[PDB]
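Listing of start-v4.csv, CSV, C-alpha atoms and all ligand atoms
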chain,number,residue,atom,x,y,z
A,1,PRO,CA,-16.1,7.0,-7.4
A,2,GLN,CA,-12.9,7.1,-9.5
A,3,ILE,CA,-9.8,8.1,-7.5
A,4,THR,CA,-6.6,9.3,-9.0
A,5,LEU,CA,-3.3,8.9,-7.2
A,6,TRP,CA,-1.8,12.4,-7.4
A,7,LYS,CA,-2.5,12.8,-3.7
A,8,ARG,CA,-2.8,10.1,-1.0
A,9,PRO,CA,-6.1,8.2,-1.5
A,10,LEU,CA,-7.6,9.0,1.8
A,11,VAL,CA,-11.3,8.3,2.5
A,12,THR,CA,-13.5,9.1,5.5
A,13,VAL,CA,-14.8,6.0,7.2
A,14,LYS,CA,-17.1,5.3,10.1
A,15,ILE,CA,-16.0,2.4,12.4
A,16,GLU,CA,-17.6,1.6,15.8
A,17,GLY,CA,-19.3,5.0,15.8
A,18,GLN,CA,-15.9,6.8,15.3
A,19,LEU,CA,-15.0,8.9,12.3
A,20,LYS,CA,-11.6,8.3,10.8
A,21,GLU,CA,-9.7,8.8,7.6
A,22,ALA,CA,-8.1,5.7,6.1
A,23,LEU,CA,-5.7,5.0,3.3
A,24,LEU,CA,-6.9,2.8,0.4
A,25,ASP,CA,-3.8,0.6,0.3
A,26,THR,CA,-3.6,-2.0,-2.4
A,27,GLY,CA,-0.2,-3.0,-1.0
A,28,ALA,CA,-1.8,-3.9,2.4
A,29,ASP,CA,-3.2,-7.4,2.6
A,30,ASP,CA,-5.0,-6.5,5.8
A,31,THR,CA,-6.7,-3.5,7.4
A,32,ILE,CA,-5.0,-1.8,10.3
A,33,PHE,CA,-6.1,1.2,12.4
A,34,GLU,CA,-4.5,3.2,15.1
A,35,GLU,CA,-5.4,2.6,18.8
A,36,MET,CA,-9.1,2.2,19.5
A,37,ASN,CA,-11.6,-0.2,21.2
A,38,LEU,CA,-13.5,-2.7,19.2
A,39,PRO,CA,-16.1,-5.5,19.9
A,40,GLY,CA,-15.1,-9.1,20.4
A,41,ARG,CA,-12.3,-11.3,21.5
A,42,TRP,CA,-9.0,-10.3,20.0
A,43,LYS,CA,-5.9,-12.4,19.5
A,44,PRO,CA,-2.5,-10.7,19.8
A,45,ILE,CA,-0.6,-11.0,16.5
A,46,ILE,CA,2.4,-9.4,14.7
A,47,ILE,CA,2.5,-7.7,11.3
A,48,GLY,CA,5.6,-7.1,9.2
A,49,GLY,CA,6.2,-4.1,6.9
A,50,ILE,CA,9.0,-2.0,5.3
A,51,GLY,CA,10.7,-0.9,8.4
A,52,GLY,CA,10.1,-3.8,10.7
A,53,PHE,CA,7.5,-5.9,12.4
A,54,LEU,CA,4.7,-4.7,14.7
A,55,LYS,CA,2.8,-6.4,17.5
A,56,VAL,CA,-0.9,-5.7,17.3
A,57,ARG,CA,-4.4,-6.9,18.2
A,58,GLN,CA,-6.6,-8.8,15.7
A,59,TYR,CA,-10.4,-8.3,15.7
A,60,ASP,CA,-12.7,-10.3,13.4
A,61,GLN,CA,-15.9,-9.3,11.6
A,62,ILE,CA,-15.7,-5.5,12.3
A,63,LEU,CA,-18.1,-3.1,10.6
A,64,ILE,CA,-16.6,-0.2,8.8
A,65,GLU,CA,-18.7,2.2,6.7
A,66,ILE,CA,-16.5,3.6,4.0
A,67,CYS,CA,-17.6,6.5,1.7
A,68,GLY,CA,-21.2,5.2,1.9
A,69,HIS,CA,-20.6,1.5,1.6
A,70,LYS,CA,-20.6,-1.1,4.4
A,71,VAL,CA,-18.1,-3.9,5.0
A,72,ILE,CA,-17.4,-6.5,7.7
A,73,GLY,CA,-14.0,-8.2,8.1
A,74,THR,CA,-10.8,-8.5,10.1
A,75,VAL,CA,-9.5,-5.2,11.5
A,76,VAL,CA,-6.1,-5.0,13.2
A,77,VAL,CA,-5.4,-2.4,15.8
A,78,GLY,CA,-1.9,-1.0,16.6
A,79,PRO,CA,0.5,1.9,16.0
A,80,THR,CA,0.4,2.8,12.3
A,81,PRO,CA,1.3,6.2,10.7
A,82,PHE,CA,-2.0,5.8,8.8
A,83,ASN,CA,-5.2,3.9,9.2
A,84,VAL,CA,-5.0,1.5,6.3
A,85,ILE,CA,-7.8,-0.3,4.4
A,86,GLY,CA,-6.1,-3.5,3.2
A,87,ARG,CA,-7.4,-5.8,0.5
A,88,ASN,CA,-9.5,-7.8,2.9
A,89,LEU,CA,-12.0,-5.0,2.8
A,90,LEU,CA,-11.3,-3.5,-0.6
A,91,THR,CA,-12.6,-6.6,-2.4
A,92,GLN,CA,-15.8,-6.4,-0.5
A,93,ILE,CA,-16.5,-2.9,-2.0
A,94,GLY,CA,-15.4,-4.2,-5.5
A,95,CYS,CA,-12.4,-1.9,-5.6
A,96,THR,CA,-10.1,-2.2,-8.6
A,97,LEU,CA,-7.1,-0.7,-10.2
A,98,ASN,CA,-7.4,0.7,-13.7
A,99,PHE,CA,-4.9,2.0,-16.3
B,1,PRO,CA,-6.2,-3.4,-17.8
B,2,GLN,CA,-8.6,-3.8,-14.8
B,3,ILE,CA,-7.1,-5.4,-11.7
B,4,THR,CA,-9.2,-6.8,-8.9
B,5,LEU,CA,-7.8,-7.1,-5.4
B,6,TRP,CA,-8.7,-10.7,-4.4
B,7,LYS,CA,-5.0,-11.5,-5.1
B,8,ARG,CA,-1.9,-9.4,-4.6
B,9,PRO,CA,-1.7,-6.8,-7.5
B,10,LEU,CA,1.7,-7.9,-8.7
B,11,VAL,CA,2.9,-6.9,-12.2
B,12,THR,CA,6.0,-7.8,-14.2
B,13,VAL,CA,8.2,-4.8,-14.8
B,14,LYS,CA,11.5,-4.3,-16.6
B,15,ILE,CA,14.0,-2.0,-14.9
B,16,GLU,CA,17.6,-1.6,-16.0
B,17,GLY,CA,17.4,-4.6,-18.2
B,18,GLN,CA,16.3,-6.7,-15.2
B,19,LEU,CA,12.9,-8.5,-15.0
B,20,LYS,CA,11.1,-8.1,-11.6
B,21,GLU,CA,7.7,-8.4,-10.1
B,22,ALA,CA,6.4,-5.3,-8.3
B,23,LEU,CA,3.4,-4.5,-6.1
B,24,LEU,CA,1.0,-1.8,-7.3
B,25,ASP,CA,0.8,0.0,-4.0
B,26,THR,CA,-1.6,2.9,-3.6
B,27,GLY,CA,-0.4,3.3,0.0
B,28,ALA,CA,3.2,3.9,-1.1
B,29,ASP,CA,4.1,7.5,-1.9
B,30,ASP,CA,7.3,6.4,-3.6
B,31,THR,CA,8.7,3.4,-5.5
B,32,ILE,CA,11.2,1.0,-3.8
B,33,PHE,CA,13.0,-2.1,-5.0
B,34,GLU,CA,15.2,-4.7,-3.4
B,35,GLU,CA,18.9,-4.4,-3.9
B,36,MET,CA,20.2,-3.6,-7.3
B,37,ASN,CA,22.5,-1.1,-9.1
B,38,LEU,CA,21.1,1.8,-11.1
B,39,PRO,CA,22.5,4.7,-13.2
B,40,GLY,CA,23.3,8.1,-11.8
B,41,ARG,CA,24.3,9.5,-8.4
B,42,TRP,CA,22.3,8.4,-5.4
B,43,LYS,CA,21.7,10.2,-2.1
B,44,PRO,CA,21.3,8.1,1.1
B,45,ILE,CA,17.9,8.6,2.6
B,46,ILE,CA,15.5,6.9,5.0
B,47,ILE,CA,11.9,5.8,4.5
B,48,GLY,CA,9.2,5.2,7.1
B,49,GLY,CA,6.7,2.3,7.0
B,50,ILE,CA,4.6,0.3,9.4
B,51,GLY,CA,6.9,-1.0,12.1
B,52,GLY,CA,9.9,1.4,11.7
B,53,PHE,CA,12.1,3.3,9.3
B,54,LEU,CA,14.6,2.0,6.7
B,55,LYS,CA,17.8,3.5,5.3
B,56,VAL,CA,18.0,3.4,1.5
B,57,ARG,CA,19.6,4.9,-1.6
B,58,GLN,CA,17.6,7.3,-3.7
B,59,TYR,CA,18.0,7.4,-7.5
B,60,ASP,CA,16.3,9.9,-9.8
B,61,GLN,CA,15.0,9.6,-13.4
B,62,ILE,CA,14.9,5.8,-13.5
B,63,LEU,CA,13.1,4.1,-16.4
B,64,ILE,CA,10.8,1.2,-15.6
B,65,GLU,CA,8.7,-0.6,-18.2
B,66,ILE,CA,5.5,-1.7,-16.4
B,67,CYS,CA,3.2,-4.2,-18.2
B,68,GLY,CA,3.8,-2.5,-21.5
B,69,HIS,CA,4.0,1.1,-20.4
B,70,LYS,CA,7.1,3.3,-19.7
B,71,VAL,CA,7.7,5.7,-16.9
B,72,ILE,CA,10.6,7.7,-15.5
B,73,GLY,CA,10.9,8.8,-11.9
B,74,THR,CA,12.5,8.4,-8.5
B,75,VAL,CA,13.2,4.8,-7.5
B,76,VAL,CA,14.6,3.9,-4.1
B,77,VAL,CA,16.8,0.8,-3.5
B,78,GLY,CA,16.9,-1.0,-0.1
B,79,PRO,CA,15.8,-4.1,1.8
B,80,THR,CA,12.1,-4.5,1.2
B,81,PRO,CA,10.1,-7.7,1.3
B,82,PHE,CA,8.5,-6.6,-1.9
B,83,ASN,CA,9.3,-4.3,-4.8
B,84,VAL,CA,6.7,-1.6,-4.6
B,85,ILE,CA,5.5,0.8,-7.3
B,86,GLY,CA,4.5,3.9,-5.3
B,87,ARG,CA,2.2,6.8,-6.4
B,88,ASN,CA,5.2,8.6,-8.0
B,89,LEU,CA,5.0,6.2,-10.9
B,90,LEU,CA,1.4,5.1,-10.7
B,91,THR,CA,0.2,8.6,-11.7
B,92,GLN,CA,2.4,8.5,-14.8
B,93,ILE,CA,0.5,5.5,-16.2
B,94,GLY,CA,-2.8,7.1,-15.3
B,95,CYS,CA,-3.6,4.4,-12.6
B,96,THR,CA,-6.8,4.9,-10.6
B,97,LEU,CA,-8.9,3.3,-8.0
B,98,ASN,CA,-12.5,2.5,-8.9
B,99,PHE,CA,-15.6,1.3,-6.9
A,101,LIG,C1,2.5,1.8,5.9
A,101,LIG,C2,1.8,2.6,4.8
A,101,LIG,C3,1.2,3.9,5.3
A,101,LIG,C4,2.7,2.9,3.6
A,101,LIG,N1,3.3,1.6,3.0
A,101,LIG,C5,2.7,1.0,1.7
A,101,LIG,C6,1.8,-0.2,2.1
A,101,LIG,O1,1.1,-0.6,1.0
A,101,LIG,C7,2.7,-1.4,2.5
A,101,LIG,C8,3.6,-2.0,1.3
A,101,LIG,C9,4.2,-3.3,1.8
A,101,LIG,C10,3.9,-4.5,1.2
A,101,LIG,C11,4.5,-5.7,1.6
A,101,LIG,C12,5.4,-5.7,2.6
A,101,LIG,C13,5.8,-4.5,3.2
A,101,LIG,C14,5.2,-3.3,2.8
A,101,LIG,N2,1.8,-2.5,2.8
A,101,LIG,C15,1.6,-2.9,4.2
A,101,LIG,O2,2.2,-2.3,5.1
A,101,LIG,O3,0.7,-3.9,4.5
A,101,LIG,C16,0.8,-4.5,5.8
A,101,LIG,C17,-0.8,-4.6,6.4
A,101,LIG,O4,-1.3,-5.6,5.6
A,101,LIG,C18,-0.1,-6.6,5.3
A,101,LIG,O5,0.0,-6.7,4.0
A,101,LIG,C19,1.7,-6.9,3.8
A,101,LIG,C20,2.2,-6.1,4.7
A,101,LIG,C21,1.2,-5.8,5.8
A,101,LIG,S1,5.0,1.4,3.1
A,101,LIG,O6,5.4,0.1,2.6
A,101,LIG,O7,5.5,1.4,4.5
A,101,LIG,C22,5.8,2.8,2.1
A,101,LIG,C23,5.9,4.1,2.6
A,101,LIG,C24,6.5,5.1,1.9
A,101,LIG,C25,7.0,4.8,0.6
A,101,LIG,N3,7.6,5.8,-0.2
A,101,LIG,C26,6.9,3.5,0.1
A,101,LIG,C27,6.3,2.5,0.9

Could you quickly redo this structure as structure tokens?
Amino acid sequence: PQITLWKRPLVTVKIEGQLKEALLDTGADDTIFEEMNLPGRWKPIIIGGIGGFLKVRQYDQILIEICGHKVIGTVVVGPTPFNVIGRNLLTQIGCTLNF
Amino acid sequence: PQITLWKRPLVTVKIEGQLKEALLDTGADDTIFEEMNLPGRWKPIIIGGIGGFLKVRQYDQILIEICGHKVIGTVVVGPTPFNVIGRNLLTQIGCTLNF
């Protein structure tokens, strides 16, 4: 699919059997989701953004099904205004910017 | 130009006669740059990102030359770890996401 940017590039994803909308964020190095349970041992980490830094939990090799594709990679969990699909998963689907 | 996401999608831009690198950010609704002066009257505003909110100065109708293209739109000035090209200017260059 080709996605314009006139509106927020939100996509429906399936992660750990839960349905969520996430933002295709080329400005996000990593993927972060709002609170939820995930499989595996997680290490507490901290991420930094525009308005400050955020303490969160890091999970490795998490399966997300995004708009019909599948990817496995690091997913961070913590308070975010949006679920964000960072570049760690965008590359796996071969996502690119064009103009 | 086609841009993959294995590396940060930074581009060289020319704004107010100054050369800067900025992040092509599909997750950013608006464009924000680190401190600098700009033409016109600015209204103080506050933006909200991951980890908190940030007070900034809003400027309207600002010309940025991005990788050979020209755009005019709202640019916000404030303390950000990166200069970010939000969707308010990405649409003007016809930027899209593809996969
Ligand atoms: C939090 C999102 C819903 C929106 N953000 C855009 C996003 O691309 C930022 C843009 C960004 C880029 C670098 C630094 C701060 C913010 N990237 C980001 O938060 O990524 C974080 C998760 O992965 C890591 O990658 C770096 C930061 C971490 S935002 O920076 O806060 C933002 C919000 C509104 C406007 N008008 C402009 C920018």

Once you count all atoms listed in the file, what closest atom pair and distance in Å to one decimal does each residue of chain B within 9 Å of chain A have, with rows by chain and rising residue number, as a tab-separated table?
residue	atom	partner	partner_atom	distance
B:1	CA	A:99	CA	5.8
B:2	CA	A:98	CA	4.8
B:3	CA	A:97	CA	4.9
B:4	CA	A:96	CA	4.7
B:5	CA	A:91	CA	5.7
B:6	CA	A:91	CA	6.0
B:7	CA	A:87	CA	8.3
B:8	CA	A:27	CA	7.5
B:9	CA	A:26	CA	7.3
B:23	CA	A:27	CA	6.4
B:24	CA	A:27	CA	6.5
B:25	CA	A:27	CA	4.4
B:26	CA	A:25	CA	5.0
B:27	CA	A:25	CA	4.4
B:28	CA	A:27	CA	7.7
B:29	CA	A:8	CA	7.4
B:47	CA	A:51	CA	7.8
B:48	CA	A:51	CA	6.4
B:49	CA	A:50	CA	5.2
B:50	CA	A:49	CA	5.3
B:51	CA	A:52	CA	4.5
B:52	CA	A:51	CA	4.1
B:53	CA	A:51	CA	4.5
B:54	CA	A:51	CA	5.1
B:55	CA	A:51	CA	8.9
B:79	CA	A:50	CA	7.9
B:80	CA	A:50	CA	5.7
B:81	CA	A:50	CA	7.0
B:82	CA	A:50	CA	8.6
B:84	CA	A:27	CA	7.9
B:87	CA	A:5	CA	5.9
B:88	CA	A:6	CA	8.0
B:90	CA	A:5	CA	7.0
B:91	CA	A:5	CA	5.7
B:93	CA	A:99	CA	6.4
B:94	CA	A:99	CA	5.6
B:95	CA	A:99	CA	4.6
B:96	CA	A:4	CA	4.7
B:97	CA	A:97	CA	4.9
B:98	CA	A:2	CA	4.7
B:99	CA	A:95	CA	4.7

Please provide the set of residues having any atom within 8 Å of residue 72 (chain B), restricted to all atoms listed in the file, with same-chain residues fewer than 5 positions apart removed, written as a ChimeraX atom specification. /B:61-64,89

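Straight-line separation from CA of residue 60 (chain A) to CA of residue 15 (chain A): 13.2 Å.
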
Rank nothing, just name the residue among B:57, B:77, B:30, B:38 nearest to ligand LIG 101 (chain A), using all atoms listed in the file. B:30

Neighbours of point (7.2, -1.6, -19.1) within 10 Å, using all atoms listed in the file, written as a PyMOL selection string: chain B and resi 11-15+19+63-71

Counting all atoms listed in the file, which of B:45, B:22, B:31, B:36 gets nearest to ligand LIG 101 (chain A)? B:31

Name the residues, using the chain letters and numbers of the file, that sit within 6 Å of (-6.9, -11.1, 15.9) when counting only C-alpha atoms, and give them as a ChimeraX atom specification. /A:42-44,57-59

In Å to one decimal, how far is CA of residue 74 (chain A) from atom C8 of ligand LIG 101 (chain A)? 18.1 Å

Go through B:17, B:34, B:39, B:76 one by one, measure the shortest atom-to-atom distance of each to ligand LIG 101 (chain A) using all atoms listed in the file, and give the residue with the smallest value. B:76

Coordinates-based distance that separates atom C2 of ligand LIG 101 (chain A) from CA of residue 37 (chain B) (Å, one decimal): 25.2 Å
